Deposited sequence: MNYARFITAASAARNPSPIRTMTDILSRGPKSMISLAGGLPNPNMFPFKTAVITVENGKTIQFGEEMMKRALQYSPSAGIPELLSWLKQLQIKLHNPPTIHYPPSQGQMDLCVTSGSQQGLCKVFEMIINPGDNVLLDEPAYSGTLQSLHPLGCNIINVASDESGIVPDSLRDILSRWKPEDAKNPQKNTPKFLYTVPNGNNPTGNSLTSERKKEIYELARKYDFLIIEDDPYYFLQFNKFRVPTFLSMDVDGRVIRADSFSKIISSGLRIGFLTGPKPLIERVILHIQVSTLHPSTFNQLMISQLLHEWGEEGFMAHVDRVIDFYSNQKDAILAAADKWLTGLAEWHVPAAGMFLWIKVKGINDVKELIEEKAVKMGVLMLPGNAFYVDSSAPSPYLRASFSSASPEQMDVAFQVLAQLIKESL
């Protein structure tokens, strides 16, 4: 596994820019401000289902102060250990320069993901993903001058055959040859895709993996909705089948723990992670120290039992919420729209039947009646193409809210037929 092909000229040229022997030791060498100057002295944070979190005066100075680039070591060790327990990556005991598994706490998981595109993509590069695809990722990949090659997805995500067919534009030996512009990577959201809410299967993941071996590209696994799986048996990740070190997982605490706190993490091979760490060192520097410590203490006080149980209560909430969105649709959309039932996440994806563009429907008529939901146009490389799709958030609304929401939508559709 050669990593140089996946590291921009710029990315390779980064050197480490850190904040960075007898016994007592009198350092004037370092850069830290004096943390006594800072105004906040203590904190108490109450937790549902938990012991309150205390920052004593000493701990608060630590929270107000520069901390390491890759994250605090107690959160780093605990997430690594989570990743060993959840996924047991084939690579954890490999050599560093082969793909030893490494992890970086990042300022939300999209920070890591961006820095990963920037690391990989030369203009003119080819990338695989399936559409509909995440708004945020299209606005991300677009300025990078890559050519986005769409793989068909259905209710089970990426269709493997589509991937085969697409990749038969190249011989496998073309991977050893940059001129041939073989794909760099496949970007997938494998659990409750935003916007579609469909998830990848196990058999499918294994097959995708083999194609990724054969055509020696990286798999980018964006898995923000992995702890929002409604099925009890969690589907194995690409991470857990990564005997090569061709997988970069992104994990988020945003749907589960806190979206505000901007704390997520990036799991992958050392040399790749290292490029992101080094990019972080000249931009954000680290994730907020305060907030890492809220999460780290929270998580260590729960242990893995409290964490998983918490995630079981989130899932429980999000499913009933999903039962209610579907009831409501089964109630009003029947025979007027088509949808599959979300495998994870917080989004229902609704194909309205016999209307071409739902933008008018939504942005003109539906808003006038006081109901709103997201036109599907944004979720395609070509956002100007007509979409007959709505994305509907089942995250906040009460059963009655959805009832009126779908009573009104169905009316506007009937009125627009």
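Residues of the deposited sequence that lack C-alpha coordinates fall in a single stretch, 21 to 28.
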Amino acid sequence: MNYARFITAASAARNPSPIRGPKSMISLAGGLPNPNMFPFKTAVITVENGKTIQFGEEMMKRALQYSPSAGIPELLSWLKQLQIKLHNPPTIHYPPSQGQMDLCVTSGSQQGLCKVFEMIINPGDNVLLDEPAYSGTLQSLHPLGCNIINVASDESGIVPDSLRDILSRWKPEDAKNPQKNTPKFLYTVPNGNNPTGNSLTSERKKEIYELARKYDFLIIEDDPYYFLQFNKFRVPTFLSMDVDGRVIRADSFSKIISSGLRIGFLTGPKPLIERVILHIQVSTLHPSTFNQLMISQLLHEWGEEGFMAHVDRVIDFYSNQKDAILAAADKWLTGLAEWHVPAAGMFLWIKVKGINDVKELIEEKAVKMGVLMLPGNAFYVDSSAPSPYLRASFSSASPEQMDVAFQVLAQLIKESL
From here on, numbers count along this sequence of modelled residues.
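So that the term is clear: the rigid core is the largest set of C-alpha atoms that superpose within 1.5 Å between two forms.
Superposing each structure in 6 other deposited structures of this protein on the rigid core shows that the farther-lying of 347 to 355 and 44 to 52, by root-mean-square Cα distance, is 44 to 52. Rigid core superposition in 6 other deposited structures of this protein puts the Cα atoms of one stretch, out of 367 to 375 and 29 to 37, farther from the shown form on average, and that stretch is 29 to 37.
In this crystal structure, the stretch out of 169 to 177 and 95 to 103 whose C-alpha atoms carry the higher mean B factor is 169 to 177. For the pair 36 to 44 and 363 to 371, the mean Cα B-factor is higher in 363 to 371. Sorting 277, 328, 299, 212 by the CA temperature factor given in the entry leaves 212 at the top. When the C-alpha B factors of 408, 19, 10, 397 are read from the deposited coordinates, the top value falls at 19.
Ranked by Cα temperature factor within the chain, residue 112 sits in the middle third according to the deposited record. When the CA B factors of the chain's modelled residues are split into thirds, the value for residue 225 lands in the lowest one. Among the modelled residues of its chain, residue 335 has a C-alpha B-factor that falls in the lowest third according to the deposited record. Among the modelled residues of its chain, residue 404 has a C-alpha B-factor that falls in the lowest third according to the deposited record. Ranked against the other modelled residues of its chain, the C-alpha B-factor of residue 126 as given in the entry falls in the middle third.
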